[PDB]
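Raw target_33.pdb, PDB, C-alpha atoms:
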```
ATOM      1  CA  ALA A   1     105.539 111.228 101.968  1.00  0.00           C
ATOM      2  CA  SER A   2     105.824 112.763  98.433  1.00  0.00           C
ATOM      3  CA  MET A   3     108.657 110.485  97.163  1.00  0.00           C
ATOM      4  CA  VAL A   4     106.429 107.407  97.879  1.00  0.00           C
ATOM      5  CA  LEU A   5     108.329 106.432 101.018  1.00  0.00           C
ATOM      6  CA  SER A   6     106.615 103.053 101.585  1.00  0.00           C
ATOM      7  CA  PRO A   7     106.104 101.664  98.025  1.00  0.00           C
ATOM      8  CA  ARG A   8     103.195  99.304  98.791  1.00  0.00           C
ATOM      9  CA  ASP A   9     101.312 101.315 101.411  1.00  0.00           C
ATOM     10  CA  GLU A  10     101.644 104.959 100.261  1.00  0.00           C
ATOM     11  CA  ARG A  11     101.148 103.999  96.586  1.00  0.00           C
ATOM     12  CA  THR A  12      97.974 101.965  97.388  1.00  0.00           C
ATOM     13  CA  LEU A  13      96.633 104.711  99.727  1.00  0.00           C
ATOM     14  CA  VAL A  14      96.968 107.581  97.198  1.00  0.00           C
ATOM     15  CA  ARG A  15      95.343 105.485  94.422  1.00  0.00           C
ATOM     16  CA  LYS A  16      92.428 104.242  96.590  1.00  0.00           C
ATOM     17  CA  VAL A  17      91.494 107.508  98.400  1.00  0.00           C
ATOM     18  CA  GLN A  18      91.367 109.553  95.160  1.00  0.00           C
ATOM     19  CA  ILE A  19      89.602 106.873  93.019  1.00  0.00           C
ATOM     20  CA  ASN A  20      87.149 105.798  95.787  1.00  0.00           C
ATOM     21  CA  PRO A  21      85.869 108.828  97.875  1.00  0.00           C
ATOM     22  CA  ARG A  22      84.133 106.189 100.063  1.00  0.00           C
ATOM     23  CA  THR A  23      87.501 105.146 101.643  1.00  0.00           C
ATOM     24  CA  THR A  24      87.992 106.283 105.274  1.00  0.00           C
ATOM     25  CA  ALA A  25      90.587 106.077 108.113  1.00  0.00           C
ATOM     26  CA  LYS A  26      89.161 102.794 109.505  1.00  0.00           C
ATOM     27  CA  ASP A  27      89.851 101.064 106.136  1.00  0.00           C
ATOM     28  CA  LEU A  28      93.365 102.578 106.011  1.00  0.00           C
ATOM     29  CA  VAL A  29      94.464 101.477 109.539  1.00  0.00           C
ATOM     30  CA  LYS A  30      93.207  97.920 108.839  1.00  0.00           C
ATOM     31  CA  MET A  31      95.276  97.714 105.601  1.00  0.00           C
ATOM     32  CA  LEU A  32      98.408  99.154 107.342  1.00  0.00           C
ATOM     33  CA  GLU A  33      98.352  96.494 110.117  1.00  0.00           C
ATOM     34  CA  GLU A  34      97.516  93.795 107.485  1.00  0.00           C
ATOM     35  CA  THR A  35     100.692  94.772 105.526  1.00  0.00           C
ATOM     36  CA  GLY A  36     102.584  94.973 108.858  1.00  0.00           C
ATOM     37  CA  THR A  37     104.036  98.484 108.459  1.00  0.00           C
ATOM     38  CA  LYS A  38     103.954 100.780 111.513  1.00  0.00           C
ATOM     39  CA  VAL A  39     102.459 104.118 110.409  1.00  0.00           C
ATOM     40  CA  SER A  40     101.117 106.828 112.776  1.00  0.00           C
ATOM     41  CA  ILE A  41      97.384 107.766 112.638  1.00  0.00           C
ATOM     42  CA  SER A  42      98.205 111.532 112.563  1.00  0.00           C
ATOM     43  CA  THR A  43     100.011 111.352 109.150  1.00  0.00           C
ATOM     44  CA  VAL A  44      97.046 109.284 107.769  1.00  0.00           C
ATOM     45  CA  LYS A  45      94.615 111.884 109.196  1.00  0.00           C
ATOM     46  CA  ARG A  46      96.612 114.819 107.685  1.00  0.00           C
ATOM     47  CA  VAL A  47      96.962 113.209 104.183  1.00  0.00           C
ATOM     48  CA  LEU A  48      93.129 112.754 104.170  1.00  0.00           C
ATOM     49  CA  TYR A  49      92.789 116.549 104.758  1.00  0.00           C
ATOM     50  CA  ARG A  50      95.367 117.211 101.962  1.00  0.00           C
ATOM     51  CA  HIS A  51      93.436 115.031  99.489  1.00  0.00           C
ATOM     52  CA  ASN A  52      90.167 116.749 100.514  1.00  0.00           C
ATOM     53  CA  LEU A  53      91.838 120.099  99.549  1.00  0.00           C
ATOM     54  CA  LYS A  54      93.323 118.718  96.315  1.00  0.00           C
ATOM     55  CA  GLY A  55      92.582 115.484  94.495  1.00  0.00           C
ATOM     56  CA  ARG A  56      95.061 115.005  91.663  1.00  0.00           C
ATOM     57  CA  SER A  57      93.500 112.891  88.932  1.00  0.00           C
ATOM     58  CA  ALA A  58      93.963 111.618  85.362  1.00  0.00           C
ATOM     59  CA  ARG A  59      90.562 109.920  85.137  1.00  0.00           C
ATOM     60  CA  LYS A  60      87.262 110.616  83.306  1.00  0.00           C
ATOM     61  CA  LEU A  61      86.858 114.163  81.877  1.00  0.00           C
ATOM     62  CA  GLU A  62      90.249 115.701  82.865  1.00  0.00           C
TER      63      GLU A  62
END
```
Represent the supplied structure as structure tokens.
Amino acid sequence: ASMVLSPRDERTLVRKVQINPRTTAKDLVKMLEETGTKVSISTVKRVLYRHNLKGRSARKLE
């Protein structure tokens, strides 16, 4: 996870979910199969809860 294990998919996911609060699990599964990387739903579902608890950001006021 933290290291950026899958350098296209994890890197894209952490940028998009924090920048666009619109982005949901249905978007994420569609991108993962489009890339062709097998990723479990449960890790996607848990990282969404983690980013709901903390969004780490270097944009706008902060």
Which distance in Å separates CA of residue 60 (chain A) and CA of residue 44 (chain A), to one decimal?
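We find that CA of residue 60 (chain A) and CA of residue 44 (chain A) lie 26.4 Å from each other.
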Ground truth for the PyMOL selection byres ((chain A and resi 47) around 12), written as a ChimeraX atom specification:
/A:1-2,10,13-14,17-18,24-25,28,40-46,48-55
Restricting it to C-alpha atoms, dump the selection as an mmCIF file, in the coordinates of the input.
```
data_model
loop_
_atom_site.group_PDB
_atom_site.id
_atom_site.type_symbol
_atom_site.label_atom_id
_atom_site.label_comp_id
_atom_site.auth_asym_id
_atom_site.auth_seq_id
_atom_site.Cartn_x
_atom_site.Cartn_y
_atom_site.Cartn_z
ATOM 1 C CA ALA A 1 105.539 111.228 101.968
ATOM 2 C CA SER A 2 105.824 112.763 98.433
ATOM 3 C CA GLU A 10 101.644 104.959 100.261
ATOM 4 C CA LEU A 13 96.633 104.711 99.727
ATOM 5 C CA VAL A 14 96.968 107.581 97.198
ATOM 6 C CA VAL A 17 91.494 107.508 98.400
ATOM 7 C CA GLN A 18 91.367 109.553 95.160
ATOM 8 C CA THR A 24 87.992 106.283 105.274
ATOM 9 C CA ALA A 25 90.587 106.077 108.113
ATOM 10 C CA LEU A 28 93.365 102.578 106.011
ATOM 11 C CA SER A 40 101.117 106.828 112.776
ATOM 12 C CA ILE A 41 97.384 107.766 112.638
ATOM 13 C CA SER A 42 98.205 111.532 112.563
ATOM 14 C CA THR A 43 100.011 111.352 109.150
ATOM 15 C CA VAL A 44 97.046 109.284 107.769
ATOM 16 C CA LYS A 45 94.615 111.884 109.196
ATOM 17 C CA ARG A 46 96.612 114.819 107.685
ATOM 18 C CA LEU A 48 93.129 112.754 104.170
ATOM 19 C CA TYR A 49 92.789 116.549 104.758
ATOM 20 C CA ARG A 50 95.367 117.211 101.962
ATOM 21 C CA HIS A 51 93.436 115.031 99.489
ATOM 22 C CA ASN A 52 90.167 116.749 100.514
ATOM 23 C CA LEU A 53 91.838 120.099 99.549
ATOM 24 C CA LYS A 54 93.323 118.718 96.315
ATOM 25 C CA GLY A 55 92.582 115.484 94.495
#
```
Work out how far CA of residue 34 (chain A) is from CA of residue 19 (chain A), in Å to one decimal.
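Computing it gives 21.0 Å between the two atoms.
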Polymer residues at most 10 Å from residue 36 (chain A), only C-alpha atoms, same-chain spacing of 5 or more positions, as a PyMOL selection string
chain A and resi 9+30-31
Distance CA of residue 26 (chain A)-CA of residue 59 (chain A), one decimal place?
25.4 Å
Which residues are near residue 39 (chain A)? Cut-off 10 Å, only C-alpha atoms, ignore same chain within fewer than 6 positions. Put them as a list in words.
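My list of contacting residues is residues 6, 9, 29, 32 and 33 of chain A.
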Exercise on region 54-62 of chain A, axis-aligned box with 3 Å per side, report centre and edge lengths in Å to one decimal, as AutoDock Vina command-line options:
```
--center_x 91.0 --center_y 114.3 --center_z 89.1 --size_x 14.2 --size_y 14.8 --size_z 20.4
```
Smallest atom-to-atom distance to residue 20 (chain A): which of A:37, A:62, A:57, A:8, using all atoms listed in the file?
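Selected residue with least distance to residue 20 (chain A): A:57.
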